[PDB]
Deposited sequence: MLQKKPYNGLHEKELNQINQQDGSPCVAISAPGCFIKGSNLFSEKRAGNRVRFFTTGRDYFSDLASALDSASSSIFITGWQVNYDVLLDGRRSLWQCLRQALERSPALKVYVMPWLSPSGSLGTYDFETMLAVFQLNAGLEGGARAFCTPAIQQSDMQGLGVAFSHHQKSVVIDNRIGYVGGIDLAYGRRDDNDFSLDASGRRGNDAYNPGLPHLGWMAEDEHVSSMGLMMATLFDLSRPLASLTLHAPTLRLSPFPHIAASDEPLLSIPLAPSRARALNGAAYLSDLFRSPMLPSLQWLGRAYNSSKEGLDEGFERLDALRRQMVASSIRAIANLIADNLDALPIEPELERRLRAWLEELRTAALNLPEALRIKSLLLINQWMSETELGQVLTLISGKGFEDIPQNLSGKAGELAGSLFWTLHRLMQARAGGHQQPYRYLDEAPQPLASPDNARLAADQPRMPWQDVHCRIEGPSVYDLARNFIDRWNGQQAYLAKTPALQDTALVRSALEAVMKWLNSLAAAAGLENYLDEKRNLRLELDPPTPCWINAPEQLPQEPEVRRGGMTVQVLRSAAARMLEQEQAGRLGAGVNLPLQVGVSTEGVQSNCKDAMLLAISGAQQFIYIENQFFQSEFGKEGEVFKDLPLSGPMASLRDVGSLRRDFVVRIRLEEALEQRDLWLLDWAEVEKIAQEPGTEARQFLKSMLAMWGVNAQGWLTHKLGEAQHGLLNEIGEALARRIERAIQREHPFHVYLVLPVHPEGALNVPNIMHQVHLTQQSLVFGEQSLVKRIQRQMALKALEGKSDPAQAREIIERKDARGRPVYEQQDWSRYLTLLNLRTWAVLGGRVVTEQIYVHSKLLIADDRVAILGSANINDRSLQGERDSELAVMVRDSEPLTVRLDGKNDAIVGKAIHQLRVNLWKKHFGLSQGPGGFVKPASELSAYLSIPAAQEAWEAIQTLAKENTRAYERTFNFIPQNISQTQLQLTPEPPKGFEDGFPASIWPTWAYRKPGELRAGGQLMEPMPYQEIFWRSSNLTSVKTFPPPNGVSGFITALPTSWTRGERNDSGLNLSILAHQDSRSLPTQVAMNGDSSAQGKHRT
């Protein structure tokens, strides 16, 4: 209970349900700046158009020129560059008097020891004249600006604002110079953000200033100079309190300590929206904050019960409590969902790594004759690249043919891959399994409704897969983990709801001490009984996805759920930077910023369609307004996806059963429609893998689970270890898009009768595959 701040009434909050909204409101805010502009983010591209005409840089410049006192402070995260300092340099260029705009790349401050390089500052905050505060999931970066059309036509933006990290860029920029070819689709951005006025902006400013003055006390580029900086600050401080009574050298700090920039303690207000500001901050971050408060001499009046010392897991804590006090339903949007799930489960035995993943780092992927000839496994166990038969590799490099070339190529590839793993594994310890308990908590809230015979329901909107191409090792690994937390881990979120349903199903039909054995009992297709329960009665799992005709091509890509948002009962909303993973929630690792928000303005709804329930007006809207976005009820002229008006009746009865059955049904039909044409999108049953047996093998009744790479097929459906290949192209492949002169471009029937953007999360995707990149799990957790 190390609170970074505590609830304050009296706030006015405006939610932003689109990228374009936030960006446009930001520009108009900067048009009004006068004293100070605090910016911080995980990534800050000074060149993004905010109102589709002016770059951030221009608004910053136009503002410095207008307001002669305006001081401007950027705190980008410091990726293990020149761009940011140069841009800031350019903001001070030709200015009136000295420089008024400053930067400070923020080095991580996590408690992760030698693993500490792999963590960041993930906060997305901007604060203007200590009067307008922004916070949410949206950085000021390429690909973020987006509306409710979720268009795929990259051609309308320029630069890397034609965003799509999962696709080879095979077009050209007319003034390297690559970009998204006309026929290639953008990847759309669904995110949630908010502006805040009232007392709580104080806590937002305090987070910025204390964080800035923290990195300054440690701005010293060398560990050595750093003691000299902390003895100079101890001295210029005693000098301040004395003037208030009547070679080897550190840098001159740049404090934020002038009174214009500092904000004045808020009064106790009442009404409007109650807001609490929440951080994920590590103990080491917390001390270096205490450091700067001495350095700059800024001790901003704290509230009673806030903590200047200890790890801060306000994000995970706030979420947990909202999850347990929820009465009717939970609705979550989040880019991540990896949470503790017990023993890993459902990987095939006699297949150590998944096929695809083994093709990227298992040496058995390669011919045994070349692997023994160069003595690969001797080197691999000794991690001496040079402990190899360099005589036999020449013999192989002199041998003509493709199999000899592809070998040496993939051989070095696996070495580089594996070597990564070894690194991360020696930088620190590898936690076993996941740590945060949002899974357990959701499962537990559901079981309380199961056991006491109440209705309840949890909505989860996630990305189809993490952004990028599905063949990158870590990305595979995040999927693998994501499914573990949802469907596969022996204590996964569905297996937990299901056990519980099974257990209540036996009430008064068997002895209670026996039940835990009865539900774990095995059936005909080898699965346990508890899996006979329809968890759909409590949990809905949705991906977002659109399609389009671009350049005469039928294409599809996912709509990326970057949102980090949670709502319950339309009474409470938790908004910000925190992903349902360990990096964000635990506190000691990545730094995060979020808010809890409640509305004192009430409103009456039948959340279950029958009984009166009181909700917060602004929170109720937000969920309704989002549900419109993804239901297609908010787009405008154009696009290839019809409004899903069948759903427009359910926006105001989220806890009614009809409602989540509606959404469940359409999302199954929408996904079935895409599956009819697209054999590459992640999905439950593989459509490239053929049964070559008389009877489907054990468990593979009904079909074969799709690979992480869905057009993959295993060569020998018994020797899953033997391997396999890509029966057909994947989007991430060049050959997906241009006919290599040998072979021609495949294409696809347009999806027929899709409505809205809502999709069914493949609960079977990857089943059986262990896609373990071999990187230290604490980095992927």
Expected output for missing-CA ranges on the deposited sequence is 1-38, 119-125, 221-451, 523-539, 1075-1099
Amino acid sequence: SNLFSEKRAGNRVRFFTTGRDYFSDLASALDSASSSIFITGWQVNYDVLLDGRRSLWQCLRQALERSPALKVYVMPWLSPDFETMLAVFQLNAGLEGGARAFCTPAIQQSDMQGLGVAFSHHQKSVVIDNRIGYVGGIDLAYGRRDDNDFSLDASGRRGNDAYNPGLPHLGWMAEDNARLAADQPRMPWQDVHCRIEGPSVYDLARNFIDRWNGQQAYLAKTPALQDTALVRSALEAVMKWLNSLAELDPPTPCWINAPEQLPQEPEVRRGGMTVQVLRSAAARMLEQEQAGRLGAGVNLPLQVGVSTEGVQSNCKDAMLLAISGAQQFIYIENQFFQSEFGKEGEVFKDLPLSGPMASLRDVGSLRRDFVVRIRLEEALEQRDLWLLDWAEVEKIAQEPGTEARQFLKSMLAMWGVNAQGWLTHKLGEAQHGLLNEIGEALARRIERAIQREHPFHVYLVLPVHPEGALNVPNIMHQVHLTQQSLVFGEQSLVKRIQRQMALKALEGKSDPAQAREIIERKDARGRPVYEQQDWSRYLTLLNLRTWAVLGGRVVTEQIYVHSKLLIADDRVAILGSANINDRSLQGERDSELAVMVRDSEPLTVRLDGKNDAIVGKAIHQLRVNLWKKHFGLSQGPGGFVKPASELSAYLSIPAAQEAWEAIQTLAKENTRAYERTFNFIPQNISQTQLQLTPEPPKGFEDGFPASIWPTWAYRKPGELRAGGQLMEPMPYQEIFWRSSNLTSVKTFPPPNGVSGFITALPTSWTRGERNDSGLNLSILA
From here on, numbers count along this sequence of modelled residues.
Taking the mean of the C-alpha B-factors per stretch from the entry, tell me the winner out of 563-571 and 292-300. 292-300
Can you tell me which stretch has the higher mean Cα B-factor, 251-259 or 622-630? 251-259
Maximum C-alpha temperature factor, selected from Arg445, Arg145, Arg186, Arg361: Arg361
Name the one of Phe119, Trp709, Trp422, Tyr202 with the greatest CA B-factor according to the PDB entry. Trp422
Thinking about Cα B factors across the chain, which third does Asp139 belong to? lowest
Looking at the temperature factor on the CA atom of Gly52, which third of the chain's modelled residues does it land in? highest
Ordered by C-alpha B-factor within the chain, which third holds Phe748? Give me lowest, middle or highest, please. middle
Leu385 by Cα B-factor - lowest, middle or highest third of the modelled chain: highest
Split into thirds by Cα B-factor across the chain's modelled residues, where does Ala667 land: lowest, middle or highest? lowest
